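S.K.: Chains as they are written, first to last, in the entry's author numbering: chain A, 197 to 328; chain B, 148 to 245; chain C, 148 to 328; chain D, 159 to 327; chain E, 440 to 459.
Beta carbons: idealized from backbone N, C-alpha and C, even for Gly.
The structure is given below, and queries will be raised subsequently.
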Ligand code: NA
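Put into structure tokens, the structure is as follows:
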């Protein structure tokens, strides 16, 4: 006393809408994530770009968390990718502040230690092709 | 509001309006709108028989305070700052922000 | 709640309210609201027969801790940040950012409070009136901050200091406001 | 009379969001205050749990990740002009997350959530951080042609504290 | 000057609004 008949609609999706409207601005802001380090610290624009990229990534994360179903069975690759890039942008913010602090040190406040004398002027500039 | 009967027509029933207005003997004021007049009228076409119609007009006025406190004060407020970017100096770099 | 019949009237049925108050027997507590009294009355109009009515009044208090802890504290917070752009010196370049940001947060809380409130024009709540007052105050703060930032960047080559600002804003008021150079 | 002792979960279509732990059923014989006689009833009790991965990847990690930026202001030098932008940005972002969390939860005033308490806590301390950073920006941009330096600030903020904080000029 | 003026006006405004 158990029979049933099941049909299995297996459907493939045409991906051209969300590729143009969501994947391209995603990889656009991710391309802008690694870009705040080429900017010189003398111009006062090192924080605006970092905070703007982080807020745009949180905006796309809250945008992609709406068209997706709220199932905890699995997370999509876009959500994991935006979480990775958001952690990377937050680490970019803390190292950008920490490299902006060592720009404004003067002899009337601080004093250059001999290890940061001998390390960040001879070994690494010849290692990273700076050459003064 | 256009009241008419689907089954019959003017060759079979007339449709006479009794009182010219609609009664407000059970009306509760909504607190969002204001009725100001509720006339009714009878519509018939010469040179076109079999057409009765009774149409009631509701003429309403919006109580204009809720949208004034929310979409007019910021509208007249952020407009005043538009011609204010010219009195700011061009030495302190805060013109583009405003 | 107005209970009455549509078929019969007072000339054909009575309608006798038994107890003065509606009972509270199988009541589950709501968690958001509190029932404080439940009176009930029987309305008949003299010089108007064929009228019966039994109305029950529910007077309901709110348990207010949720909207307090989520809206009253950020309200007084962003209001407290509004008399604060004047202690910031104009030699730095961060005055207009703070002024525009305070006005943005105030308009945000006004558009948030206009959503949970009904759209009626009996009276605005005190939160909406308070935010409207503080918003007009922040706009006057923006225009006086631009006016006080223009006078900071005046050079001797392009301007001449008049004698009235000499006698007013240099001698009398720094002694009136306990400045003393 | 109950047939079994629990609700049947044999034909249960899975949910994907809530996992059922147990669902028992209990017979009671209760007496109401309207009526002088005893009425029986059967009460079932679903005991479910939320599977917490949609919210810990979209509401807890970004909230914690931006609440760990309210203390990072004080290592940024006042010679730059970005002490305020960072504070304003983290304040407004916590306000937007507060809007999201008051969109998701009910308005039950019995108890408060730990996450809403954490948001209120972080907003209070970041507002106290901006009212400190405006004071330190006023202390920094200050010249001897406009202000006289007191005597007690020469000993406290210049000799007593940098020996404690390990600065030593 | 405007700090003192707007502080006094804001205090009187809060009192006059939250009087009840
Ligand atoms: Na900015």
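1) I want to verify the contact list: residues of chain D whose CB lies under 8 angstroms from the CB of residue 234/C, in sequence order.
2) Where does residue 183/D fall in DSSP's three states?
3) Are there any heavy atoms of ligand 1 lying less than 7 angstroms away from the beta-carbon of residue 329/A, as far as the coordinates show?
4) Is it true that the CB of residue 278/D sits closer than 8 angstroms to the CB of residue 293/A?
5) Considering only the alpha carbon of each residue, which of 183/B, 173/B, 170/B and 197/B lies closest to residue 151/B?
6) Tell whether a beta-carbon distance below 8 angstroms holds between residue 245/D and residue 284/D.
7) Looking at the strands, I want to know which residues DSSP matches up with residue 149/C.
8) Using beta-carbon positions only, say whether residue 285/C and residue 317/C come within less than 8 angstroms of one another.
9) Which chain C residues sit within Cβ distance under 8 angstroms of residue 451/E?
10) What I want to know is whether the C-beta of residue 243/D ends up closer than 7 angstroms to one or more non-hydrogen atoms of ligand 1.
11) Along chain B, in chain order, which residues have C-beta atoms closer than 8 angstroms to that of residue 108/C?
12) In the segment 261–311 of chain D, which residue ranges form an unbroken alpha helix (DSSP H) of at least 4 residues, counting only runs that do not cross its ends?
13) Report yes if the CB atom of residue 268/A is closer than 8 angstroms to the CB atom of residue 217/D, and no otherwise.
14) Curious, which full-length alpha helix (DSSP H) runs of at least 4 residues does the segment 205–273 of chain A contain?
15) CB residue 217/C to CB residue 260/D, shorter than 8 angstroms?
16) For residue 177/C, is the classification buried or exposed, using 16 other Cβ atoms within 10 angstroms of its Cβ as the cut-off for buried?
17) Enumerate in chain order the residues of its own chain whose CB-to-CB distance from residue 254/C is below 8 angstroms, with the five nearest sequence positions on each side excluded.
18) Is residue 239/A buried or exposed, if buried means 16 or more other CB atoms sit within 10 Å of its CB?
19) What residues match up with residue 187/C in a beta bridge as DSSP calls it?
20) To the nearest whole angstrom, what separates the beta carbons of residue 184/C and residue 225/C, a pair I think is in contact under 8 angstroms?
21) Exposed or buried, residue 130/C, counting other C-beta atoms within 10 Å across all chains shown (16 or more means buried)?
22) Starting from residue 216/C, find everything on chain D with Cβ-Cβ shorter than 7 angstroms and list it in chain order.
23) Just list the residues that DSSP pairs residue 168/B with in beta bridges.
24) Under the three-state reduction of DSSP, which class applies to residue 198/D: helix, strand or coil?
25) Using a cut-off of 7 angstroms between C-beta atoms, extract the partners of residue 458/E located in chain C.
26) Answer yes or no: do residue 231/B and residue 290/C have a C-beta to C-beta separation smaller than 8 angstroms?
27) Which residues in chain D sit within 8 angstroms of residue 289/A, going by Cβ to Cβ distance?
28) Bridge partners for residue 181/C per DSSP, in chain order?
29) I'd like the list of long-range same chain contacts for residue 241/D, defined as Cβ closer than 7 angstroms, with 5 residues on each side in sequence excluded.
30) Check whether the Cβ atoms of residue 244/C and residue 253/D sit closer than 8 angstroms, and answer yes or no.
31) Between the beta-carbon of residue 257/D and the beta-carbon of residue 259/C, is there less than 8 angstroms?
32) Any Cβ of chain A within less than 8 angstroms of the Cβ of residue 240/D?
33) Please confirm whether residue 190/D and residue 173/C have their CB atoms less than 8 angstroms apart.
34) Could you list which residues in chain C have their beta carbon closer than 9 angstroms to that of residue 197/D, in chain order?
35) Quick one: which chain C residues come within Cβ less than 9 angstroms of residue 219/D?
36) On the CB-based measure, 16 or more other CB atoms within 10 Å of its CB, does residue 442/E come out buried or exposed?
M.R.: Result, derived from the coordinates:
1) Locating residue 234/C in the third chain gives position 87, where the first residue counts as 1. Ordered by position in chain D, the residues that pass the 8 angstroms Cβ test against residue 234/C are 292, 293 and 296.
2) One-based indexing of the fourth chain puts residue 183/D at position 25. Looking at residue 183/D - three-state DSSP - the assignment turns out to be strand.
3) Here chain A has residues from 197 to 328 only, and residue 329/A is not among them.
4) In the first chain, residue 293/A corresponds to position 97, counting from 1. In the fourth chain, residue 278/D corresponds to position 120, counting from 1. At a Cβ-Cβ threshold of 8 angstroms, residue 293/A and residue 278/D do not count as neighbours.
5) For the purposes of this step, residue 151/B is identified with residue 4 of the second chain, where counting begins at 1. Among 183/B, 173/B, 170/B and 197/B, the Cα nearest to that of residue 151/B belongs to 197/B.
6) Along the fourth chain, read from residue 1 onward, the residue named residue 245/D stands at position 87. Along the fourth chain, read from residue 1 onward, the residue named residue 284/D stands at position 126. With respect to the 8 angstroms criterion, residue 245/D and residue 284/D are classified as neighbours on the basis of their beta carbons.
7) Looking up residue 149/C in the third chain gives position 2. For residue 149/C, which the question treats as bridged, DSSP gives the partners 202/C.
8) Counting from one through the third chain, the residue named residue 285/C turns up at place 138. Counting from one through the third chain, the residue named residue 317/C turns up at place 170. Going by beta carbons, residue 285/C and residue 317/C fall outside the 8 angstroms limit.
9) Walking along the fifth chain from the start, residue 451/E turns up at place 12. For residue 451/E, no chain C residue has a Cβ inside 8 angstroms of its Cβ, as the nearest lies near 11 angstroms away.
10) Here residue 243/D corresponds to residue number 85 of the fourth chain, with the count starting at 1. Result yes, Cβ under 7 angstroms from ligand 1.
11) Nothing can be reported for residue 108/C, as the shown portion of chain C is limited to 148 through 328.
12) As summarised for the segment 261–311 of chain D, the continuous alpha helix (DSSP H) elements at least 4 residues long and confined to that stretch are 272–298, given in chain order.
13) Residue mapping note: residue 268/A aligns to position 72 of the first chain, counting from 1. Residue mapping note: residue 217/D aligns to position 59 of the fourth chain, counting from 1. No, the Cβ-Cβ distance between residue 268/A and residue 217/D is not below 8 angstroms.
14) Counting only runs of 4 or more, we get 220–229 and 242–263.
15) Working through the third chain from its first residue, we reach residue 217/C at position 70. Working through the fourth chain from its first residue, we reach residue 260/D at position 102. The answer is yes: Cβ separation under 8 angstroms.
16) By 1-based counting over the third chain, the position of residue 177/C is 30. Residue environment: residue 177/C is assigned as exposed (fewer than 16 neighbouring CB atoms within 10 Å of its CB, all protein chains considered).
17) Against the third chain, residue 254/C aligns to sequence position 107. Counting only Cβ-Cβ distances below 8 angstroms, and skipping sequence neighbours, we find 282.
18) Mapped onto the first chain, residue 239/A falls at position 43. Label assigned to residue 239/A: exposed.
19) Your numbering for residue 187/C matches position 40 in the third chain. Answer is 203/C, bridged to residue 187/C.
20) Mapped onto the third chain, residue 184/C falls at position 37. Mapped onto the third chain, residue 225/C falls at position 78. Rounded to whole angstroms, the Cβ separation of residue 184/C and residue 225/C is 38 angstroms, and the two are not in contact under 8 angstroms.
21) With chain C running from 148 to 328 in the structure shown, residue 130/C is simply not present.
22) If you number the third chain from 1, residue 216/C lands on position 69. Around residue 216/C, the beta-carbon contacts reaching into chain D at under 7 angstroms are 270 and 278.
23) The residue you call residue 168/B lines up with position 21 of the second chain. Per DSSP, 186/B.
24) By one-based count along the fourth chain, residue 198/D stands at place 40. Judged by DSSP in its simplified three-state form, residue 198/D adopts strand.
25) Start at 1 with the first residue of the fifth chain, and residue 458/E comes out as number 19. Residues of chain C passing the Cβ test: none, with the nearest at roughly 10 angstroms.
26) Along the second chain, read from residue 1 onward, the residue named residue 231/B stands at position 84. Along the third chain, read from residue 1 onward, the residue named residue 290/C stands at position 143. Yes, the Cβ-Cβ distance between residue 231/B and residue 290/C is below 8 angstroms.
27) Along the first chain, read from residue 1 onward, the residue named residue 289/A stands at position 93. Residues of chain D whose Cβ lies closer than 8 angstroms to the Cβ of residue 289/A are, in chain order, 227 and 230.
28) The count along the third chain starts at 1 and reaches residue 181/C at position 34. 208/C.
29) The residue you call residue 241/D lines up with position 83 of the fourth chain. Cβ contact annotation for residue 241/D (same chain, cutoff 7 angstroms, sequence separation greater than five): 231, 234, 291 and 295, in chain order.
30) Mapped onto the third chain, residue 244/C falls at position 97. Mapped onto the fourth chain, residue 253/D falls at position 95. With contacts defined by Cβ atoms closer than 8 angstroms, residue 244/C and residue 253/D do not form a contacting pair.
31) As a working note, residue 257/D is residue 99 in the fourth chain. As a working note, residue 259/C is residue 112 in the third chain. Closer than 8 angstroms, so yes.
32) For the purposes of this step, residue 240/D is identified with residue 82 of the fourth chain, where counting begins at 1. True, the Cβ-Cβ gap to chain A drops below 8 angstroms.
33) Residue numbering aside, residue 190/D sits at position 32 when the fourth chain is read from its first letter. Residue numbering aside, residue 173/C sits at position 26 when the third chain is read from its first letter. Result yes, Cβ atoms of residue 190/D and residue 173/C sit closer than 8 angstroms.
34) Position 39 of the fourth chain, counting from 1, holds the residue named residue 197/D. Correct list: empty, because the minimum Cβ distance to chain C is about 11 angstroms.
35) In the fourth chain, counting from the first residue as 1, residue 219/D sits at position 61. Below the 9 angstroms Cβ cutoff, chain C contributes no neighbours of residue 219/D, its closest Cβ being approximately 22 angstroms away.
36) Numbered from 1 along the fifth chain, position 3 holds the residue referred to as residue 442/E. Exposed, because fewer than 16 other Cβ atoms sit within 10 Å of the Cβ of residue 442/E.
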